[PDB]
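Please read the structure below before turning to the comments.
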Amino acid sequence: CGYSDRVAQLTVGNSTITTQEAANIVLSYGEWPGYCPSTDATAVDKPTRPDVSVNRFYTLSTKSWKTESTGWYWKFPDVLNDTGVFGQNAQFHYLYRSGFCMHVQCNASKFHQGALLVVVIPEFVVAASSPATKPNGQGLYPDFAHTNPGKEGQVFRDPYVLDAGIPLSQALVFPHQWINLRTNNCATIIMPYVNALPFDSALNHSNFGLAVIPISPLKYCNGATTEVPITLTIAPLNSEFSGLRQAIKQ
Amino acid sequence: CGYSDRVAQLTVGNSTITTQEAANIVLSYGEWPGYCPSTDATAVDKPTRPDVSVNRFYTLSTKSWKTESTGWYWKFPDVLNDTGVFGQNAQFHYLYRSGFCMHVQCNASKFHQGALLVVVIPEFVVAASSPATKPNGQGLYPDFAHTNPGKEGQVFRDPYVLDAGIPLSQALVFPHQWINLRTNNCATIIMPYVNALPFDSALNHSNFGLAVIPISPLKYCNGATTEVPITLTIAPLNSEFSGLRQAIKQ
Amino acid sequence: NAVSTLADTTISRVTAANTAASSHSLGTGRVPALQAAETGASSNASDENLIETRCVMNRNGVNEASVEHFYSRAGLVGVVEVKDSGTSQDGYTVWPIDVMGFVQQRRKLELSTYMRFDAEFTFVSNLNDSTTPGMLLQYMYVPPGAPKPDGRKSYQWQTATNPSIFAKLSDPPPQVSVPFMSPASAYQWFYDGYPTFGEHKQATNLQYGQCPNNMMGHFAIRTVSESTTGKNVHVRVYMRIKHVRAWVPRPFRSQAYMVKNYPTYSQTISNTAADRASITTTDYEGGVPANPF
Amino acid sequence: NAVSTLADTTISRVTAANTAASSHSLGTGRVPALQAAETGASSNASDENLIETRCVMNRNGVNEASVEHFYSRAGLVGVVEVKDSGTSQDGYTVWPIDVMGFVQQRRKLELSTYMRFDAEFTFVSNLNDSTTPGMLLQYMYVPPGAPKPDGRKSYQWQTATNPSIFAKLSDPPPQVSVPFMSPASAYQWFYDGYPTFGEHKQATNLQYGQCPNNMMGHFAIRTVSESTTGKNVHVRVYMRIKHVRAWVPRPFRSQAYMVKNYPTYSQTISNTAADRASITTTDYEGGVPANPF
Amino acid sequence: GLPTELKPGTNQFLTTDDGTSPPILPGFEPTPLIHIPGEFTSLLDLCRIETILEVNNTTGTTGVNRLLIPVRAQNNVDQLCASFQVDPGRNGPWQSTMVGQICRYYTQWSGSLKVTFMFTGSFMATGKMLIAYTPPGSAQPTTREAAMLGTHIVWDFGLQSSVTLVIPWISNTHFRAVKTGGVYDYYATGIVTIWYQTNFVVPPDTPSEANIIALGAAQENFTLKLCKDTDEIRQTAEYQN
Amino acid sequence: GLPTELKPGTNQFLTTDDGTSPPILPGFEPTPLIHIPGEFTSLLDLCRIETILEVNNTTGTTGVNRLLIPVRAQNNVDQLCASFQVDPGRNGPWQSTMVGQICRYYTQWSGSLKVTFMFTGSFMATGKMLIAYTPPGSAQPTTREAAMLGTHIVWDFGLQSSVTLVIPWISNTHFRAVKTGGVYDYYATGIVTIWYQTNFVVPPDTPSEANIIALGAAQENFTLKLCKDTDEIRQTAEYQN
Amino acid sequence: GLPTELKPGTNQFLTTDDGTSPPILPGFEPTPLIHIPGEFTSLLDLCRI
Amino acid sequence: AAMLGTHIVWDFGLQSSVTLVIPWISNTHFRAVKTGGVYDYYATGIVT
Amino acid sequence: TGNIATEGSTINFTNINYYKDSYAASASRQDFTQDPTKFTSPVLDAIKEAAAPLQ
Amino acid sequence: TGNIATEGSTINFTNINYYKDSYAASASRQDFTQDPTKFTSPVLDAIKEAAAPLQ
Ligand SMILES: CCCCCCCCCCCCCCCCCC(=O)O
Ligand SMILES: CCCCCCCCCCCCCCCCCC(=O)O
Ligand SMILES: CCCCCCCCCCCCCC(=O)O
Ligand SMILES: CCCCCCCCCCCCCC(=O)O
């Protein structure tokens with residue numbers, strides 16, 4: 001063809017996401033999610049692959065976008081670590097690995113405007129800003145709420161530095177996609193398992209951060225619908241759990 | 001077959017040991033005792049091989065196992081250096097070499113319990129424990145009775161450190177076998193000649209220490225036979241003596 | 001043979017992409033300029049399609065923008081002070097091996113998330129007056145869980161197994177090759193998680209972000225002496241990464257760092273770009289326009 | 001030729017044993033789990049038979065758990081003090097060559113009963129203030145029965161046949177290769193017997209356990225001077241075993257050593273394992289159980 | 001072989017010397033390397049990523065607002081919308097781009113740069129913008145008629161929200177120095193000004209002010225030279241965290 | 001050849017440098033090597049030997065008693081018989097094993113471990129024991145129902161007095177650090193608990209209390225890395241015997 | 001190879017010594033050489049003017 | 001709660017329609033048309 | 001074809017490892033790789049230059 | 001197949017003896033041997049894994 005079709009259908013497990021304004025799908029680092037090969041595998045326990053049970057689209061969080069909204073982030077797999085069969089497999093097992101299919105849905109009329117950058121940041125170490133007054137302010141280490149927001153996600157306090165002391169302008173280095181209410185209304189990022197280790201604990205370690213930041217603020221004329229939601233839908237892909245024991249929640 | 005038979009018969013010289021609970025025979029370092037080859041031989045005197053006269057089972061020491069017994073050890077060939085034709089060949093000659101077939105016999109009823117570790121320790125240098133009070137206590141060097149117990153053997157004072165400052169737990173590194181009164185009633189260790197020199201003085205140097213240590217103490221209910229003996233039977237194999245002179249006893 | 005092998009060892013010149021000659025394109029349907037940043041892909045448009053270009057056979061070399069070349073340069077990673085005077089007469093110091101201590105090296109390495117490299121460590125050692133007398137020093141690498149020395153003369157300096165380096169301050173700086181030492185398959189400057197299970201409900205969440213896959217033990221450094229020398233020794237440790245593979249590029253840090261092992265920034269946000277008077281103001285005088293058209 | 005020989009000199013990677021994929025085994029007759037420790041043999045049971053394993057093509061290297069690698073590391077075996085001040089103005093010392101003096105090296109070597117190795121000896125020499133002036137020193141190896149020097153300037157330092165090493169403290173440490181020197185076919189850290197015939201009825205049985213097959217002479221060390229220098233010199237001797245064969249493994253020593261040439265332990269028996277409150281007590285917090293099932 | 005003579009450079013430690021050093025751990029085999037996605041081997045790969053230019057780097061503007069070029073319906077034709085110089089080294093809008101930050105690790109650079117402009121008005125908003133690039137000789141064009149004489153693209157807003165102004169490599173030298181200002185204005189690359197070709201037209205009940213997001217990168221012919229330490233980060237002294 | 005220049009690392013003495021030194025005795029031929037039984041060339045051979053675990057490493061217990069797990073007829077089902085962590089480095093029952101002592105000479109370890117349990121009750125004594133291994137996430141199971149969800153073996157006492165619990169290598173990393181505690185609890189291997197599957201049943205006139213002897217070793221896939229000096233022995237100072 | 005002995009002339013700096021020195025910039029590729037008229041390679045060419 | 005069952009996210013655009021295929025997830029090969037009472041054994045499900 | 005900035009090749013006795021461990025070797029900088037697409041064009045539907053990207 | 005932790009082999013001028021005595025040579029660590037049986041299974045009757053050891 002040589003052009004990305006506007007209309008697109010994403011079907012994983014017993015869930016289907018249809019979008020009529022898909023601006024193409026990003027495949028992070030041009031690599032598809034796959035099961036750990038024999039050569040990379042270190043751990044001798046046979047790994048359970050629940051397939052359709054865990055590999056399906058989960059619609060976890062919807063957020064209201066406002067003119068002064070600063071942005072939201074989630075941590076994968078932390079966001080899903082307590083939802084559905086995935087959550088149970090993740091609590092019951094030690095080692096964990098999967099890629100995911102992100103899909104951020106934000107529609108507005110042809111008379112609204114604004115741009116959301118949706119970016120997947122591998123190893124998103126949330127920083128804590130210390131007030132200039134004291135060199136070691138108590139808020140030098142971010143509390144558990146900020147590092148692991150869970151399903152509800154967390155509001156950025158300083159989205160300019162992506163709450164990590166790195167410029168948002170250069171965040172486009174990570175797998176990203178824009179939602180221009182002018183052109184599109186969804187952002188899809190397929191991400192393979194990215195980690196130095198072949199399997200990691202779902203609970204202790206977060207492979208990726210999912211950040212939705214409004215660059216161009218949402219603006220509209222009096223009379224349009226003020227409530228414009230942003231919905232995060234995530235589908236784990238090629239999930240593999242190992243090291244079965246007593247279910248542990250975080 | 002792929003399994004060790006329970007019932008076993010050991011015939012060396014004019015002596016035969018029959019056992020109906022043999023837990024297999026240990027061949028130390030997977031090497032059989034053999035005569036010194038021409039290449040390893042340093043000493044030009046033709047070596048006497050008395051064969052059946054010296055190579056036969058000698059039943060030297062029987063010990064009464066009690067609930068608080070701490071263990072016994074012997075030194076080979078010191079244990080046999082005064083018994084039978086072997087003893088005479090060992091006194092009359094300077095150089096000496098042979099492997100041996102250990103066989104520790106300990107039967108008890110199906111209503112007694114306990115475990116003896118029987119282990120052959122090459123170069124078993126008996127230590128002397130010095131009391132904390134004085135740094136150089138007179139008992140810093142073990143007297144001749146402890147280093148060379150002879151036929152009667154010597155009681156361990158600290159079997160936990162095998163009276164040598166090395167943990168008994170790791171003694172299983174040496175050729176060993178257990179006597180579980182549950183399973184078996186004999187322990188056989190065939191040991192080849194292990195020394196840096198091809199021939200050594202039987203009297204001055206002890207190639208191996210024979211240690212029987214009760215790990216699990218002997219326990220039984222009122223009414224069972226309290227007297228449970230442990231008998232050491234040793235058969236030198238491929239004995240070779242050289243350098244004939246006046247008989248010297250130790 | 002292996003002779004032909006030595007001949008082809010000089011770094012060869014890889015050139016940059018050439019430009020092809022292009023003419024005008026007055027047609028509908030073909031629109032190289034129009035892109036869609038929303039898709040997440042960078043513009044695919046070339047110079048030849050936007051303007052009329054000439055043929056340029058570009059001979060500029062690209063061999064130096066490599067992760068090998070970028071990082072294969074020794075930088076200061078630690079300053080160990082072996083105090084042996086005044087209140088501090090220990091005459092030994094145990095320095096935790098970390099490369100996140102100094103901005104210039106930290107910021108370079110944090111371009112990547114994961115890196116697998118061998119390093120070369122050089123010890124430039126001297127006194128307060130920059131003098132290097134005939135003074136013997138022991139540099140002992142103490143891997144994680146090896147006992148750390150508690151005194152100038154302790155048993156830990158026997159080094160039956162710990163690798164140590166004896167050198168005089170007088171000698172040229174000691175240097176050694178160190179392998180890729182890490183349980184994980186690569187190092188990891190950013191670890192988004194906790195090393196232990198728990199609920200992490202501490203008024204000070206220190207444990208967050210600290211992967212021991214990176215912590216590679218200590219270097220213990222002493223003056224091999226019997227008593228206080230009454231002289232402090234500065235040991236500048238220089239690390240030159242080599243055999244370098246890097247994964248997942250990240251934004252270069254903008255904010256000034258505050259602590260060693262934690263990305264943390266002052267609540268005063270320094271802008272990435274130095275500001276100017278107005279959005280239509282440029283600092284360039286240029287020349288005198290011929291028709292003021 | 002000998003070129004191909006140099007190509008294959010880099011230590012090659014030997015991998016560890018791979019795991020094969022396994023499924024469930026619901027049959028009688030086949031019992032991999034059941035063993036008999038009484039036989040004296042270690043369990044033959046593999047992971048694949050006890051649990052369902054996946055295929056793992058293990059690429060972990062085993063080349064470093066070798067008796068070559070374990071022991072080919074220089075460790076402190078002696079400290080010779082060449083006293084030339086105060087009461088001790090000899091300006092020479094004769095040090096009996098023994099490697100059983102310092103725990104870290106002793107304990108490693110006593111893993112074996114017999115060992116045959118060449119060694120490399122390094123002499124790190126310096127003053128009390130860790131300073132290395134231009135001070136000339138003579139290290140003379142005195143084989144067993146060679147006359148030992150009785151004075152700073154005696155005839156024994158002519159070294160017509162004794163190997164000696166002249167070096168300044170100023171120079172990098174002297175090093176030499178030493179062969180396997182022993183009447184016996186291997187060295188022997190444990191000798192269970194007496195070196196002489198007799199009845200051994202002494203209130204102090206010193207002779208027990210002392211094989212002269214190990215005693216390899218002395219090193220005599222002097223400052224090549226005419227008179228008292230008024231300075232003491234410390235000579236740390238470092239031995240790196242090489243070309244190493246070892247026989248009959250032994251338990252690693254648990255108890256602290258007391259004297260040099262005799263296994264002897266305090267009547268206070270330090271337990272091999274650090275004790276804990278109860279047999280059902282483990283020090284691990286773990287995480288918050290999801291169903292407290 | 002045995003007769004040797006030491007030349008100058010002995011006992012020195014050049015930090016950028018590529019040499020061998022004795023290994024500290026005989027027979028050490030490192031952890032097996034597993035496959036990790038997103039390996040990069042070159043920093044010119046990193047330069048060809050579009051990242052946001054901080055064109056609104058003004059006294060007042062703060063945070064994410066600095067990344068937006070404001071646009072609106074004009075009462076007067078041919079007013080200047082924004083303007084920025086296109087030398088990555090220079091303190092200015094290029095500092096916020098990965099290309100601008102990698103350039104400051106090198107002394108000299110060459111090849112075409114690439115600015116992508118994404119418009120983020122409502123679907124109903126239409127307009128045309130003349131994005132002109134002026135080669136080094138001239139000042140920032142005072143009128144649109146001055147600018148149109150340089151390399152320019154007229155950009156029409158429609159379904160495709162983005163356009164790309166390739167800044168061609170027009171240099172006397174094969175490589176420009178990253179350092180600029182003073183005698184180093186010899187390597188000034190030029191200015192890029194955005195003019196209104198027509199007005200920003202909206203229907204009733206539509207916002208009449210929107211934003212353009214500029215994304216800077218480098219083309220395939222882009223090259224760097226002479227690795228040097230960056231200006232962009234500072235700790236207090238040699239002894240700090 | 002003759003023109004040389006000395007690089008950093010000259011005049012240094014790295015203890016673990018594998019080099020040549022001049023020989024002190026020209027033409028010396030060592031004693032001929034005779035054949036000695038029990039040559040070992042690898043320390044992984046030494047790790048695959050079963051040696052006794054000091055599971056009863058408690059305040060009170062002394063000497064050989066520390067090597068015995070006591071068992072007895074229980075009035076109550078599903079009580080915890082014993083429990084130990086399975087990381088060889090950790091101060092605890094593994095210190096008494098050859099594998100545990102060789103691990104402390106290395107920084108990192110990998111591969112399956114192996115615990116063999118030999119029962120030493122009377123022939124007439126019968127019983128079943130659930131020996132469960134819990135992977136790193138969880139605490140020591142408080143009930144048998146918690147433990148059964150991990151890798152376990154039910155062991156029946158009979159003519160074969162021993163059983164083997166292979167502890168499978170379930171690690172995120174290819175190698176665990178031997179050092180544990182603090183942030184190094186990241187490499188915690190897990191806990192092994194022994195529960196009564198049924199009771200320890202004896203007839204009249206038989207002892208109702210016996211012992212289990214645990215023997216720890218390593219499997220064929222076991223590997224070590226990064227030789228370091230051990231913690232396990234200490235003299236007072238650098239100048240001692 | 002390993003056994004070496006330094007001869008006179010060591011640690012000296014002869015200005016007209018033609019030798020190698022370690023390069024300060026790994027992997028540096030200089031600007032391409034363009035054709036410039038009036039290259040001279042010899043000073044005897046300059047003497048014949 | 002609902003997202004954990006067979007679902008379709010439907011975006012309004014030029015195509016005004018979408019199709020939720022209700023898959024046949026039954027224990028039995030055939031459900032009875034009659035429902036309510038013990039016949040709630042053959043309840044097909046809810047669509048929200 | 002080197003960085004000599006003049007005609008000449010000479011003889012190249014360089015990149016020699018003098019130790020049994022291969023990680024002791026000089027920086028491995030013989031090979032240069034430039035694959036930018038995994039970061040610049042990670043989309044599934046490859047877009048031709050000419051064609052308008054969304055249709 | 002070395003410990004370099006990246007693609008590369010280079011040239012290996014190592015393991016050279018410069019003295020007439022061969023015991024002057026560098027540590028002989030080219031060869032690795034793993035024969036554990038002489039210590040782990042020294043029994044005469046080899047026992048198969050499957051079979052119950054004593055019968
Ligand atoms: C005696 C001196 C020998 C040299 C030994 C050097 C050992 C260095 C270990 C490897 C260094 C790279 C890892 C650095 C990671 C630390 C970063 C951090 O987590 O803060
Ligand atoms: C001038 C210096 C030359 C070096 C000569 C070194 C000679 C060393 C002899 C070989 C050392 C190994 C044997 C050690 C045995 C001693 C142990 C003991 O019995 O206490
Ligand atoms: C000490 C001998 C080293 C030999 C190294 C190879 C030299 C080959 C001669 C040609 C120069 C290399 C470049 C070329 O092939 O033109
Ligand atoms: C001074 C000349 C030394 C020559 C050493 C041999 C080098 C052979 C070239 C190939 C590199 C070795 C490893 C391999 O065979 O791939």
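Whatever order the structure lists them in is the order used to number ligands and atoms, beginning at 1. Here is how names work: the chains are called A, B, and so on, in the same order as the sequence lines, proteins then strands, and each is numbered from 1.
The line from CG of B:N195 to CD of D:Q188 is 6.0 Å long, rounded to the nearest 0.5 Å. Once rounded to the nearest 0.5 Å, the distance linking CD of B:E123 with OG1 of D:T113 reads 6.5 Å. Taking CE of D:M115 as the start and CZ of D:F180 as the end, the distance is 10.5 Å to the nearest 0.5 Å.
Among protein heavy atoms, atom 8 (C) of ligand 4 sits closest to C:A2 CB, 3.7 Å. Regarding atom 9 (C) of ligand 2, its nearest protein heavy-atom neighbour is D:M181 CE, 3.3 Å. The closest protein non-hydrogen atom to atom 15 (O) of ligand 3 is C:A7 CB, 4.0 Å. With hydrogens left out, the protein atom closest to atom 1 (C) of ligand 4 is I:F13 CE1, 4.2 Å, a heavy atom. The nearest protein atom to atom 2 (C) of ligand 3, hydrogens excluded, is given as I:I11 CG2, 4.4 Å; this is a heavy-atom distance. Of the protein's heavy atoms, D:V99 CG1, 3.9 Å lies nearest to atom 14 (C) of ligand 2. In terms of protein heavy-atom proximity, atom 11 (C) of ligand 2 is nearest to D:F121 CZ, 4.0 Å.
Contact check on D:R250 versus D:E110 returns no salt bridge, with no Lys/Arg side-chain nitrogen under 4.0 Å from an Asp/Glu carboxylate oxygen.
Within ligand 2, the atoms closer than 4.0 Å to a non-hydrogen atom of D:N261 are 18 (C), 20 (O), numbered from 1 in the order shown. Interface atoms of ligand 2 facing D:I165, defined by a heavy-atom separation under 4.0 Å, are 1 (C), 2 (C). Each of the atoms 8 (C) of ligand 2 lies under 4.0 Å from some heavy atom of D:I97. Close contacts of ligand 4 with D:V3, meaning ligand atoms under 4.0 Å from a residue heavy atom, involve 6 (C). Those atoms of ligand 2 that come under 4.0 Å of a heavy atom in D:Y187, given as number and element, are 10 (C), 12 (C), 13 (C). Each of the atoms 3 (C), 5 (C) of ligand 3 lies under 4.0 Å from some heavy atom of C:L6. Set against the non-hydrogen atoms of D:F123, the atoms of ligand 2 under 4.0 Å away are 2 (C). With ligand atoms numbered from 1 in the order given, ligand 2 contributes 16 (C), 20 (O) to contacts under 4.0 Å with heavy atoms of D:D98. Listed by number with element, the atoms of ligand 2 under 4.0 angstrom from any heavy atom of D:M100 are 17 (C), 18 (C), 20 (O).
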task = I would like to know whether D:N205 and D:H200 meet side chain to side chain donor-acceptor pair (under 3.5 Å); could you show each step before the answer?
result = CA-CA 7 Å; D:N205 201 7; D:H200 322 298; 5.3 Å; no
query = Between D:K83 and D:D90, is a salt bridge (charged side-chain N to carboxylate O under 4.0 Å, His left out) present by the stated rule, with each step listed?
reply = CA-CA 6 Å; D:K83 295 180 181 185; D:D90 294 336; over 6 Å; no
Test side-chain contact (heavy atoms from CB on, under 4.5 Å) applied to J:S26 and I:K20, step by step = CA-CA 10 Å; J:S26 303; I:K20 292 167 186 66; 3.3 Å; yes
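Residue F:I24 comes nearest to J:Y23 through the heavy atom pair N-OH, 3.6 Å, listed as atom of the first residue, atom of the second, then distance.
Comparing D:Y139, D:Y191, D:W189, D:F219 against atom 6 (C) of ligand 2, the shortest heavy-atom distance belongs to D:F219. Atom 19 (O) of ligand 2 has its nearest heavy-atom neighbour, among D:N214, D:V237, D:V176, in D:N214. Closest heavy-atom approach to atom 10 (C) of ligand 4 among the candidates D:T9, I:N15, J:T10: J:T10.
Side-chain rings of D:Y139 and D:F166 stay apart, their centers remaining 6.0 Å or farther from each other. Under the 6.0 Å cut-off for aromatic ring centres, D:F123 and D:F219 qualify, their centroids lying closer than that. Taking the centre of each ring, D:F117 and D:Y187 come in below the 6.0 Å mark.
Not a single N or O atom of D:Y141, backbone or side chain, sits closer than 3.5 Å to an N or O atom of ligand 2.
There is a protein heavy atom closer than 4.0 angstrom to atom 12 (C) of ligand 3.
Between the side chain of F:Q235 and the main chain of F:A237, a donor-acceptor pair closer than 3.5 Å is present.
A donor-acceptor contact closer than 3.5 angstrom links the side chains of D:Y194 and B:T147.
Residue contacts with ligand 2, taken as heavy atom pairs separated by less than 4.0 Å, involve F:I24 solely via side-chain atoms from C-beta onward.
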